[PDB]
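Here's the letter readout for the chains.
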Amino acid sequence: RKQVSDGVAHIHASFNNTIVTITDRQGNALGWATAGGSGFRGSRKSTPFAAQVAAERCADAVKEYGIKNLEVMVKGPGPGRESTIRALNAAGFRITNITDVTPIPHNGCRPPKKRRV
Amino acid sequence: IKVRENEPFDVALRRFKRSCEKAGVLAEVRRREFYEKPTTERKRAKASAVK
Amino acid sequence: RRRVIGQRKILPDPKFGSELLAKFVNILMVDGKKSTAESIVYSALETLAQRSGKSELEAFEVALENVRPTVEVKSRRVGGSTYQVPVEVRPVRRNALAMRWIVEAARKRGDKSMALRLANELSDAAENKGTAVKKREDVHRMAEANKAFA
RNA sequence: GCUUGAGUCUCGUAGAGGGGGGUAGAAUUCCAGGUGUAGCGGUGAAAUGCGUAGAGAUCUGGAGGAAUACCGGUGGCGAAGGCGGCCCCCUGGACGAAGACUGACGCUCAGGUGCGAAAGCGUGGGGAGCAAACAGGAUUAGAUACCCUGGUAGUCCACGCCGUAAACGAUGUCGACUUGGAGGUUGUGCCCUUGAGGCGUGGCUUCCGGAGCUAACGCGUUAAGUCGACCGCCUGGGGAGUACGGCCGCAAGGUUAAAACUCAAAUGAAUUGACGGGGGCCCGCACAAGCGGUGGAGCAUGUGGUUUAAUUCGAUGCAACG
RNA sequence: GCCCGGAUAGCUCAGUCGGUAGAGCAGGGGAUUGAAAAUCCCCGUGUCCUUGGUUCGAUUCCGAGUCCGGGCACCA
């Protein structure tokens with residue numbers, strides 16, 4: 001019941017899952033979505049056409065205000081960097097600026113050895 | 001990476017920034033590092049680029 | 001394997017002359033006793049009069065409408081495991097497939113006799129009943145219902 | 001005596017060469033607080049784990065440590081090992097050019113002295129990420145593993161020790177000769193320097209390759225070609241870089257280094273093929289698309305069993321069983 | 001010698017207010033394999049340790065016995 005009018009939307013695009021939260025201008029949570037919470041779980045998610053149905057779920061929780069326009073914050077790789085923005089363009093929302101906020105360091109921390117099969 | 005266009009349309013312009021960083025220098029990290037594995041494979045893959 | 005020709009032109013119904021009804025009798029046929037097939041379906045096909053009272057002709061197609069799917073699965077030996085990537089179904093098999101469900105499920109109906117056990121199923125088709133109509137959604141619950149892979 | 005070897009002086013050039021001290025920005029983790037709400041994280045799936053004591057996400061502020069994206073290269077510097085942010089201080093070597101100077105002052109070098117990746121050791125610091133050990137979850141016939149969630153030493157600093165590595169170009173140092181081609185990097189001379197530029201002349205360095213060399217692979221002016229000076233080293237495989245003795249070490253352990261006995265080979269490159277849970281391209285009812293079956297049922301038939309005085313002999317993966 | 005517990009399928013074990021008892025393994029018959037395993041399907045012939053009693057009926061409840069197991073045998 002605040003009517004933020006316009007607020008950026010963060011798209012935490014990951015591999016094992018993807019989640020988009022339609023925060024406000026300053027950066028306050030107004031409504032978040034989630035593939036894991038979008039019916040199918042396990043790992044069936046991930047896929048782009050699976051995240052789209054997730055972020056689209058926001059237009060059902062963050063619609064209580066009246067977002068007439070909004071930007072997009074895509075972070076991290078994975079099947080949900082495009083899908084999300086698309087579903088949002090159809091949901092009825094607008095757009096003000098697309099950008100990738102993926103954490104790309106300068107050889108700072110030393111990543112995990114991991115995987116070796 | 002910064003997009004912005006007048007006349008609402010989902011054209012793209014997005015894969016334009018997709019040539020300097022993007023899923024590349026990403027997966028580059030992803031798993032472990034390299035150390036000797038690179039200085040070597042980086043100097044062998046170079047051999048490839050000859051013909 | 002790599003062979004690529006055409007379809008087998010089937011002979012139309014023994015009366016109405018229709019390929020759509022042709023392969024229908026064949027799919028229903030058994031032990032090459034094609035005769036019985038005709039005398040078993042061609043009857044129930046017209047016995048609809050007692051079930052309605054008019055030019056029972058389109059009833060067949062209309063009845064199949066409630067049994068015409070448009071999406072199926074298809075496991076694929078990829079990604080180490082086995083995918084499922086569901087895909088629609090061209091018309092060539094749409095009409096065909098349905099006919100199977102209409103018959104392959106009209107036999108387990110357990111009524112008076114195959115001749116009639118079939119008739120009723122048609123009425124149940126357009127009116128949604130029996131496994132015939134079931135198989136549709138029971139199949140759709142995969143494709144279009146699991147596009148996560150599609 | 002001489003000057004071309006070697007060296008000195010001058011003036012420039014490039015450089016992640018070294019030692020010290022600063023400093024910057026990105027990211028991670030953590031602490032605090034705001035928003036917000038039922039998921040997050042992870043895998044092939046999963047599960048452990050974290051979440052309603054409010055995570056994850058998001059935003060603000062703070063603490064701390066390690067490493068410096070892009071430039072970055074087939075690049076550069078170093079004796080080797082190795083050495084990448086920017087700045088200052090102390091410092092080494094290499095190279096070019098006009099030259100000026102010394103005058104064989106040189107090459108090599110057992111023993112000797114010193115330098116040595118990483119792991120490891122001692123004392124004291126530090127500790128974000130990563131990660132032997134260790135602990136859970138999973139996989140599996142089992143799984144003291146690979147995978148997942150955690151995680152200690154350690155990795156970082158100082159100072160001292162240990163001296164090894166596939167410490168590799170698996171190719172000792174120094175010098176003189178010997179067809180060529182394309183390229184990289186850095187100095188210098190010159191050319192309407194009118195230009196990106198063009199022609200030479202030095203240093204270092206890639207790739208191809210001729211003669212020759214080579215067992216072959218291949219090396220080929222940076223030689224494994226043609227020669228000269230000095231040094232290290234090898235003499236069949238196993239036993240064995242082991243034992244013993246010496247020396248060194250805090251300890252791991254290092255260095256030097258056998259025999260007994262045993263085998264008729266061990267080995268190197270290259271060839272033919274076979275195979276690969278290698279790659280490319282193909283065909284077959286091989287699969288996929290469907291039609292009908294077998295597997296259950298009663299009966300036929302054969303076989304292995306079991307039995308029998310005998311159950312006659314044979315046939316046994318696709319190629320054995322109407 | 002004393003007190004407490006165990007004795008159930010071939011092994012190791014689980015189980016019952018008293019009437020017809022099971023699991024993992026081994027075993028066996030199919031399967032799949034070229035053949036073994038591993039895996040898949042279907043399979044328990046247990047006088048429930050002995051001997052007395054209660055009872056209509058005892059693996060079960062009561063007394064005793066053997067055997068095993070734990071503890072104890074001390075001042076002297």
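Refer to the preceding data block for the structure.
Summarised in this report is the structure supplied together with it.

## Thoughts on the overall build of chain C
Thinking step 1. The helix and strand tally for chain C stands at seven helices and zero strands.
Thinking step 2. The N-to-C order of helical and strand elements in chain C reads α-α-α-α-α-α-α.
Thinking step 3. Within chain C, the proportion of its 150 residues that are buried is 32%.
Thinking step 4. Taking contacts inside chain C between residues at least 6 apart in sequence as the whole, the part at least 24 apart equals 51%.
Thinking step 5. One way to put it: in chain C the 30 positive side-chain charges average out to a point 8 Å from where the 19 negative ones average out.

## Description of the interface of chain B and chain A
For an interface, size is often stated in terms of accessible area lost upon the parts coming together.
Thinking step 1. Residue-level contacts link 18 residues of chain B with 19 residues of chain A.
Thinking step 2. When chain B packs against chain A, the two sides together hide about 1,600 Å² of surface, and 59% of this comes from carbon and sulfur.
Thinking step 3. Considering only the surface of chain B that becomes buried against chain A, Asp-10, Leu-26 and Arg-31 of chain B emerge as the three largest contributors, covering 31% of it.
Thinking step 4. Across the chain B-chain A interface, the total number found is eight residue pairs in polar contact.
Thinking step 5. Those elements that place two or more of their residues in the side of chain B that touches chain A are α1 (22-25) and α2 (27-30) of chain B.
Thinking step 6. With three residues, α1 of chain B is the largest single contributor of residues to the side of chain B that touches chain A.

## Considering the pairing of strand β1 (residues 9-13) of chain A
Residues and elements named next belong to chain A.
Thinking step 1. Side chains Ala-9, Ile-11 and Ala-13 project from β1 onto a buried face, and the interleaved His-10 and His-12 project onto a face without burial.
Thinking step 2. With four bridges connecting them, β1 and strand β3 (residues 72-75) associate as parallel partners. Within β3, the residue paired with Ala-9 across the bridge is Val-72.
Thinking step 3. Sheet topology note: the β1/strand β2 (residues 18-21) ladder contains four bridges and is antiparallel. In the sheet register, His-10 faces β2, and the bridge partner there is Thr-21.

## A word on the nonpolar core
Thinking step 1. Counting residues in each nonpolar core, the largest one holds 24 residues, and the members touching the most others are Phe-24, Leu-28, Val-41, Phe-60, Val-67, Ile-102 and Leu-118 of chain C.
Thinking step 2. When neighbours within four sequence positions are excluded, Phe-60 of chain C is seen to be in contact with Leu-21, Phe-24 and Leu-45 of chain C.
Thinking step 3. Counting 21 residues, the second largest nonpolar core, distinct from the first, contains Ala-13, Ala-55, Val-72 and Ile-85 of chain A.

## Some points on the side chain of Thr-47 of chain A
Thinking step 1. One can find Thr-47 of chain A in the loop between β2 and α1 (48-55).
Thinking step 2. Given the relative accessible area of 17%, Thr-47 of chain A is considered buried.
Thinking step 3. From its side chain, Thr-47 of chain A meets the backbone oxygen of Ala-148 of chain C in a polar contact 3.2 Å long.
Thinking step 4. For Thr-47 of chain A, the residues in contact, after removing those within four places along its chain, are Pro-79 of chain A together with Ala-148 of chain C.

## Brief notes about the layout of surface pockets
To find leftover empty space, one rolls a probe the size of a water molecule over the atoms.
Thinking step 1. Its boundaries defined by the atoms lining it, the largest pocket holds a volume of some 930 Å³.
Thinking step 2. Forming the walls of the largest pocket are 31 residues, and the residues nearest its centre are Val-25, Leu-26, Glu-28, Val-29 and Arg-30 of chain B.
Thinking step 3. Breaking the lining of the largest pocket down by element, the ones donating at least two residues are β1 of chain A together with α1 and α2 of chain B.
Thinking step 4. Here the lining of the largest pocket takes four residues from α2 of chain B, the largest share from any one element.
Thinking step 5. Its residues placed into classes, the lining of the largest pocket shows 17 nonpolar, seven polar and seven charged.
Thinking step 6. Roughly 590 Å³ of internal volume is contained in the second largest pocket.
Thinking step 7. Breaking the lining of the second largest pocket down by element, the ones donating at least two residues are α2 (83-91) and β4 (98-100) of chain A together with α1 of chain B.
Thinking step 8. Of the residues assigned to the lining of the second largest pocket, the class counts are 10 nonpolar, four polar and 10 charged.

## Structural notes on the protein's contact with RNA strand D
Thinking step 1. In the region of RNA strand D, 40 residues are neighbours, and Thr-34, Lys-75, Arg-115 and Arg-116 of chain A together with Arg-1 of chain C sit closest.
Thinking step 2. In the environment of RNA strand D, a sugar or linking oxygen lies 2.9 Å from a nitrogen or oxygen atom belonging to the side chain of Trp-32 of chain A.
Thinking step 3. Measuring from a sugar or linking oxygen of RNA strand D, one finds a backbone N or O atom of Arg-116 of chain A at 2.5 Å.
Thinking step 4. Residues of the surface near RNA strand D, tallied by class, amount to nine nonpolar, 15 polar and 16 charged.

## So, empty space enclosed by the protein
Thinking step 1. Inspection of every chain in the model, using the stated rule, returns two cavities of 30 Å³ or more.
Thinking step 2. Considering only enclosed or pocket space, the largest cavity measures out at about 50 Å³ in volume.
Thinking step 3. Surrounding the largest cavity, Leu-70, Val-72, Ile-85, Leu-88, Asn-89, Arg-94 and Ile-95 of chain A together with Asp-10 of chain B form its lining.
Thinking step 4. The greatest single-element share of the lining of the largest cavity, amounting to three residues, is contributed by α2 of chain A.
Thinking step 5. Along the lines of polarity and charge, the residues of the lining of the largest cavity split into five nonpolar, one polar and two charged.
Thinking step 6. Quantified by volume, the second largest cavity comes out at close to 30 Å³.
Thinking step 7. Here the lining of the second largest cavity takes four residues from helix α2 (residues 34-46) of chain C, the largest share from any one element.
Thinking step 8. Broken down by class, the residue content of the lining of the second largest cavity amounts to five nonpolar, no polar and two charged.

Procedures and definitions
Residues numbered from 1 in each chain as written, not as in the entry; some residues may be left out. Chains lettered and ligands numbered in written order. Part of a larger assembly, values for the part shown. Heavy atoms only, no water. Helix = DSSP H or I, 4+ residues; strand = E, 2+ residues; numbered from the N terminus. Buried < 20%, exposed > 50% of the residue type's maximum accessible area, 1.4 Å probe, protein only. Contact = heavy atoms within 4.5 Å. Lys, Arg positive; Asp, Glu negative; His and termini not counted. Charge placed at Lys NZ, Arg CZ, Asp CG, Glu CD. Buried area = accessible area lost by both parts, 1.4 Å probe. Polar contact = N/O pair within 3.5 Å; in protein donor to acceptor, adjacent residues only side chain to side chain. Pairing = 2+ DSSP bridges. Core = buried A, V, L, I, M, F, W, Y, C linked by side-chain atoms within 4.5 Å. 1 Å grid on protein atoms, 1.4 Å probe; cavity = no way out; pocket = protein on both sides within 12 Å on 5 of 7 lines; lining within 4 Å. Points joined across faces, edges and corners; volume = space filled by probe spheres on them. Nonpolar A, V, L, I, M, F, W, Y, C, P; charged D, E, K, R; others polar. Near = heavy atom within 4 Å.

Honestly, that's just the spatial picture; any functional story needs more than this.
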